[PDB]
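Chains as they are written, first to last, in the deposited numbering: chain LJ0, 6 to 173; chain LBB, 2 to 64; chain LI0, 2 to 102, 111 to 218; chain LD0, 5 to 262; chain LT0, 1 to 160.
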Amino acid sequence: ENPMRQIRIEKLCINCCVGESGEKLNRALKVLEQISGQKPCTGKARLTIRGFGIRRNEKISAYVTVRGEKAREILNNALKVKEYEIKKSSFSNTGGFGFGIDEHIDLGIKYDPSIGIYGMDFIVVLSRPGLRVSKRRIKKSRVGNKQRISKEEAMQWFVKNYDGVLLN
Amino acid sequence: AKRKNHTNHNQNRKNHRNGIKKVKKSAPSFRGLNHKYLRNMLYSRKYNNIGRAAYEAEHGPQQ
Amino acid sequence: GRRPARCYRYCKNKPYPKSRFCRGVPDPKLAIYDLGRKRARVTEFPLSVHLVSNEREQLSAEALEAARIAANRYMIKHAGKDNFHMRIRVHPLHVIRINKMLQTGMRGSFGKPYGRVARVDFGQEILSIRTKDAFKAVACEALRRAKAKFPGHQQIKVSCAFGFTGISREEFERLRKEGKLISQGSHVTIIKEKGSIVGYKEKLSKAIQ
Amino acid sequence: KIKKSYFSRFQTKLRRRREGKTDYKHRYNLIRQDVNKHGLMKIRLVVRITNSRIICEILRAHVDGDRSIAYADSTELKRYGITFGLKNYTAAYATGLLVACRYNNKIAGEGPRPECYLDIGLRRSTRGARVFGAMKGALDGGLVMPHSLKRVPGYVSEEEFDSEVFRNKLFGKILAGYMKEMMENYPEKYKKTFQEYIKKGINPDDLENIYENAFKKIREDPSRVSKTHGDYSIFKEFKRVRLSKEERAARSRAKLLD
Amino acid sequence: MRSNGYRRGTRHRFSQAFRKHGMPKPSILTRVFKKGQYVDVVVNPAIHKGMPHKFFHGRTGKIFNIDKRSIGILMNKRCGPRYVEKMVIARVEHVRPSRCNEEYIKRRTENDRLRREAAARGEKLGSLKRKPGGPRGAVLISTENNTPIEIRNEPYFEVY
RNA sequence: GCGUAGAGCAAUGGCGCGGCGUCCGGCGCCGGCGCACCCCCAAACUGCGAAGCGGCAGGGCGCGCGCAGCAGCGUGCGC
RNA sequence: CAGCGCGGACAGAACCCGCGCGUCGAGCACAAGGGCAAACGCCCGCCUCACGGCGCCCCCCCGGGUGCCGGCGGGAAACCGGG
RNA sequence: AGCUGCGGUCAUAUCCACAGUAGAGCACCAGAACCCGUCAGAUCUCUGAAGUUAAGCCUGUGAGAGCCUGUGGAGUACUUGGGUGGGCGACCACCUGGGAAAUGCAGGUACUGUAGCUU
Ligand SMILES: [Mg+2]
Ligand SMILES: [Mg+2]
Ligand SMILES: [Mg+2]
Ligand SMILES: [Mg+2]
Ligand SMILES: [Mg+2]
Ligand SMILES: [Mg+2]
Ligand SMILES: [Mg+2]
Ligand SMILES: [Mg+2]
Ligand SMILES: [Mg+2]
Ligand SMILES: [Mg+2]
Ligand SMILES: [Mg+2]
Ligand SMILES: [Mg+2]
Numbered sequence: 006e007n008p009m010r011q012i013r014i015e016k017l018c019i020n021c022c023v024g025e026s027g028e029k030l031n032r033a034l035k036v037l038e039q040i041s042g043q044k045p046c047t048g049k050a051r052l053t054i055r056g057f058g059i060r061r062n063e064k065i066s067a068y069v070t071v072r073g074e075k076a077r078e079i080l081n082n083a084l085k086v087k088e089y090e091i092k093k094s095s096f097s098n099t100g101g102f103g104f105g106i107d108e109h110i111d112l113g114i115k116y117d118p119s120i121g122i123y124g125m126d127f128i129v130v131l132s133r134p135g136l137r138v139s140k141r142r143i144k145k146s147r148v149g150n151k152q153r154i155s156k157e158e159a160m161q162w163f164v165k166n167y168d169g170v171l172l173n
Numbered sequence: 002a003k004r005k006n007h008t009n010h011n012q013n014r015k016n017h018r019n020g021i022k023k024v025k026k027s028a029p030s031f032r033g034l035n036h037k038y039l040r041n042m043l044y045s046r047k048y049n050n051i052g053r054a055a056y057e058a059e060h061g062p063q064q
Numbered sequence: 002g003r004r005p006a007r008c009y010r011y012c013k014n015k016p017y018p019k020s021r022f023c024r025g026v027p028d029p030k031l032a033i034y035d036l037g038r039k040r041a042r043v044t045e046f047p048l049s050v051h052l053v054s055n056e057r058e059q060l061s062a063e064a065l066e067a068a069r070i071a072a073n074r075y076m077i078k079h080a081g082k083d084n085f086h087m088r089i090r091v092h093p094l095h096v097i098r099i100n101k102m111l112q113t114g115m116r117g118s119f120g121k122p123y124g125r126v127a128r129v130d131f132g133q134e135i136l137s138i139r140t141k142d143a144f145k146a147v148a149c150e151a152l153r154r155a156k157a158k159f160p161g162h163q164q165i166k167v168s169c170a171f172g173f174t175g176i177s178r179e180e181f182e183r184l185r186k187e188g189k190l191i192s193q194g195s196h197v198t199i200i201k202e203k204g205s206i207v208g209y210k211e212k213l214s215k216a217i218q
Numbered sequence: 005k006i007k008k009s010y011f012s013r014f015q016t017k018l019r020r021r022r023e024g025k026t027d028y029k030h031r032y033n034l035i036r037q038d039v040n041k042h043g044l045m046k047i048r049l050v051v052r053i054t055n056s057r058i059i060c061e062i063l064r065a066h067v068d069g070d071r072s073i074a075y076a077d078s079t080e081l082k083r084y085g086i087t088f089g090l091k092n093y094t095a096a097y098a099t100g101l102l103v104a105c106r107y108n109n110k111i112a113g114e115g116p117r118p119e120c121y122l123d124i125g126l127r128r129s130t131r132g133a134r135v136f137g138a139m140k141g142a143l144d145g146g147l148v149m150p151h152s153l154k155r156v157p158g159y160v161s162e163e164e165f166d167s168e169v170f171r172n173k174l175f176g177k178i179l180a181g182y183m184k185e186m187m188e189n190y191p192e193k194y195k196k197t198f199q200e201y202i203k204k205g206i207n208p209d210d211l212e213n214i215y216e217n218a219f220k221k222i223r224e225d226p227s228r229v230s231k232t233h234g235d236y237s238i239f240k241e242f243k244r245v246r247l248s249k250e251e252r253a254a255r256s257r258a259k260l261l262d
Numbered sequence: 001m002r003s004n005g006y007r008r009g010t011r012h013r014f015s016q017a018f019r020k021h022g023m024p025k026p027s028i029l030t031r032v033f034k035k036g037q038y039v040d041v042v043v044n045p046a047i048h049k050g051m052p053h054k055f056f057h058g059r060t061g062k063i064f065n066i067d068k069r070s071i072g073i074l075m076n077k078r079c080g081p082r083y084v085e086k087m088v089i090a091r092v093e094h095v096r097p098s099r100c101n102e103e104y105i106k107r108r109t110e111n112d113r114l115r116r117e118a119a120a121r122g123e124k125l126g127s128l129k130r131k132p133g134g135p136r137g138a139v140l141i142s143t144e145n146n147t148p149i150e151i152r153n154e155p156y157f158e159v160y
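Shown next, in the form of structure tokens:
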């Protein structure tokens, strides 16, 4: 069929909400430097929550976005942790899916005890070519329903592209 | 002591005894005009039938 | 301790509801606006009788409760607790004030919230009972026990409408046979040719008959 | 879900804003004239870049709509030898050069000339943007616009503008050097990315002379070549026709029956 | 007793119409204005600068002065037994070119043209007054294909 | 130009019951919540909006020539 | 933007991130009203028009509007700025 | 006839759903040495033309939601003016003019300026 409807990885977003500032965060954004190869972004806490110990505007999390084929090697390494097996409900309504690994050294990273151990959320965004019509500056419009990815078309893509196994 | 605060009673009747007089007609005034426009209009009136180049040929530099 | 209702009879003031500007008004003693078998379907009580105000005045919330109890006790004792559904139409939304004045007199005269009244017009229904046709005379009698609690003149009217829908009994019967009615409990929706046709066929699916 | 009161109370934006085509705050400040001038609506050089071509227009606002004074397209650069890279920086410069020499050859030189103003539209005003290449092309063709050269390459100060480092951007010497080294180090990647360059026969060493020769021919003969394009009512059968009201009713009554 | 700010009591006067909010369209910038032309001040409340007083929001006045962004307008106001001429400065977003003399100008330019042309051919036209609605004309309504219909009072019935 | 009477619950803010539910809780029912219809409404609510009022116009125009430092190809002002 | 929806290790009612929707229900020091969505809100850069001298208007003032000649800031510019 | 640039009207244009579109245009799209801008060449910026009409754009469809127009509601509601009309009042009736709104119902889903391009 048509080559322009083919589903790709549009971007992969990683974040580790370590929950507090200090050296554990500054080591955690060094981990996203190791994985992505990019300089990550720090997340600020939106409110001050007594139960979690966070303050408003406190640097709480570290996040990054990786694209291209560089996002694919981060993904299949992260999918080798989860045996390429993801729950059906973990796929989003809008065509994405996500999972979270518990230690980053399952990605092919040596330990480095001065850094530590962090878990992270891998958020996969899928698209067909033609997403630019919703993201560009001039003549911005909605992408059509045929070109939007459903949850099931993301599920069909996940079993076809990665030899995936759905759950439940 | 406490008495009446306000009324407009008999005011329209008072205001129409000598009528509501119009704005009294006057000579046209330069009050409120644009200053760059008014400056230029007076320059056109100063050199009305004789041009500026002929005027400064007579009276020298007019500024 | 309550003033007589002749002091707050007529709609003298602009309507003055409980709002952010008028707070501290107590709750009305008229608590219930639907009596009898409220859950009864639209096609069970064809007859409709109304107590209609022939006055422009303010019905007290106290009189609205007293006429409620007078009419509800009669429909229970004579028609029975299942054979009617009586709805109180007017709601006591207007707040009346009392000056209550050492004795200040007329200085600072604007009054505190004193009670709640419902403001009715000429021809406005106050109460309405939906019954079977056998209990016409019962329902006419319960409303004349209600209008004793009310100031001024009221009129009991037997309406040709079917129950609490606006549709007349001849016109309601026809559309019920046509399949054009979807019940909403006390009232009804008439099925029209305006939807999408897949939605129209779901509308005939949920019709009454 | 969204309630019905949403749609009934929804006030749509202006159609060219819903289309994402005009910045009406920017458009308001751009075409604004002093009330002292009353009729003299300002001319504006509007530069628009598409995927294929670069549009340059001098046009003036009226009540019914803007009236075009002059037009040039980068597709018109084929007469001047430029058939390659129709949306690059130099095609932007040459198209800006083309309206400026069209508009000056249109009006005769007895009275003073009005100032024109640059209309980027919704493109970003960056240093090295093509929309300012069309600005710089228009000033070289004699169109008087109250510019400053801060966003054209070669700028170091308001008094000092380096024409030489402007010229290697302009004459493709930055492009040809990139085009030349790709041809040596990755000849097959050179074969794929510059396909219409090879089919045109363009060579990167030849590329400066093509642009320099084009700039003379624009300034010598900027005159518009016209195409008549007489009849296109053949294309009328390609459009579809609407149904009638009773035919819409006939499909609806049929849809009820099945 | 109400407070006397510059926009007092303008909750409805300085509002926008339903589904007609927003900044003004750029087409207002293509309107000409001339000295002597009548304009209607109607305030655009989206434009906060150059807003006239609320008193002039219904009023129509003649332009005396034209500025860079604004317009001076002569508007008379009753101060007791006199009309006092106020000079109203308003941005152009708050005015409209008035159609008060719209039909007079249409009448005048045609009639002055017809008087010029008749004077050219040696004729003259006496008076071109607007004739008002006079008496009714005589009518002939034939009962051919139009039979008279009786109107009767009908018995009062009431529906309930 | 207005936003009163009326009208309207469509947004804001209230009032009240039913109806519906691949919603939640409790033990089919009850209670929440959601939706659609509906109900009673508003001096400090308005998708509408009168009667009634307010402003302004019903006279100078057309043409031509001069002038300007304004303007950039007009606008004013003189005749 | 408020808010909603659906996804995501620890992670919970409430940490963060993503995608989708979202007529303004958010925000604009504050009272209320009006206003406002490629903004009048948010963020960032550069700034200090929160300026001098002459006027005029709305007009008791207060406050605001509008010009002219200078001096500037931002911007590629039109423009905008006299808190 | 259409597309496109710039517009005018600012929903008959919005919103949902499903269809179809030869040409050219508009696009999506290929890429990132440079200018430029980012966490990320996603956007912006530059360079390209290998692919593709899948989307956008366009058009059609829908007893679609809304919106628009007509009609109706209705001479109804309300009201200017008048009476030594009525009524204990509340207020009502009459006379003379003016005269609505919501629901309903029917049809409509765009017009247009300028410029360029398309057989
Ligand atoms: Mg007593
Ligand atoms: Mg009173
Ligand atoms: Mg801009
Ligand atoms: Mg201000
Ligand atoms: Mg009101
Ligand atoms: Mg009312
Ligand atoms: Mg708000
Ligand atoms: Mg102030
Ligand atoms: Mg100021
Ligand atoms: Mg419809
Ligand atoms: Mg009398
Ligand atoms: Mg349609």
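C-beta: ideal position from N, C-alpha, C; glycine also.
List the endpoints of the continuous beta strand (DSSP E) containing residue i.
i: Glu90 (chain LJ0); result: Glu90 to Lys92
i: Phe64 (chain LT0); result: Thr60 to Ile66
i: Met125 (chain LJ0); result: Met125 to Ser132
i: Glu15 (chain LJ0); result: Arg13 to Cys21
i: residue 1 (chain LJ0); result: Lying before the first or after the last residue shown, residue 1 (chain LJ0) is absent from chain LJ0, which here runs from 6 to 173.
According to DSSP, is residue i part of a helix, a strand, or is it coil?
i: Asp144 (chain LD0); result: helix
i: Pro26 (chain LT0); result: helix
i: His86 (chain LI0); result: strand
i: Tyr116 (chain LJ0); result: coil
i: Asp112 (chain LT0); result: helix
i: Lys110 (chain LD0); result: helix
i: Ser61 (chain LI0); result: strand
If you draw a straight line from the C-alpha of residue i to the C-alpha of residue j, how long is it?
i: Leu74 (chain LT0); j: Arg99 (chain LT0); result: 17 Å
i: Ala41 (chain LI0); j: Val147 (chain LI0); result: 19 Å
i: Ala155 (chain LI0); j: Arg88 (chain LI0); result: 13 Å
i: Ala62 (chain LI0); j: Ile47 (chain LT0); result: 50 Å
i: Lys78 (chain LI0); j: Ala32 (chain LI0); result: 21 Å
i: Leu34 (chain LJ0); j: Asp126 (chain LJ0); result: 13 Å
i: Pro29 (chain LI0); j: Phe85 (chain LI0); result: 25 Å
i: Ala6 (chain LI0); j: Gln59 (chain LI0); result: 9 Å
i: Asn7 (chain LJ0); j: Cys18 (chain LJ0); result: 28 Å
i: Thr44 (chain LI0); j: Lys5 (chain LD0); result: 32 Å
i: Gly103 (chain LJ0); j: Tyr89 (chain LJ0); result: 12 Å
i: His94 (chain LT0); j: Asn76 (chain LT0); result: 18 Å
Which stretch, first to last residue, makes up the alpha helix (DSSP H) that contains residue i?
i: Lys77 (chain LT0); result: Careful: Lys77 (chain LT0) lies outside any alpha helix (DSSP H), inside the beta strand (DSSP E) at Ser70 to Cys79.
i: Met87 (chain LT0); result: Where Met87 (chain LT0) is concerned, there is no enclosing alpha helix (DSSP H), although the beta strand (DSSP E) it sits in stretches over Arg82 to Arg91.
In the DSSP assignment, what residue or residues form a beta bridge with residue i?
i: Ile97 (chain LI0); result: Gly124 (chain LI0)
Within 7 Å of ligand 2: residues by beta-carbon to any heavy atom:
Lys13 (chain LI0) and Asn14 (chain LI0)
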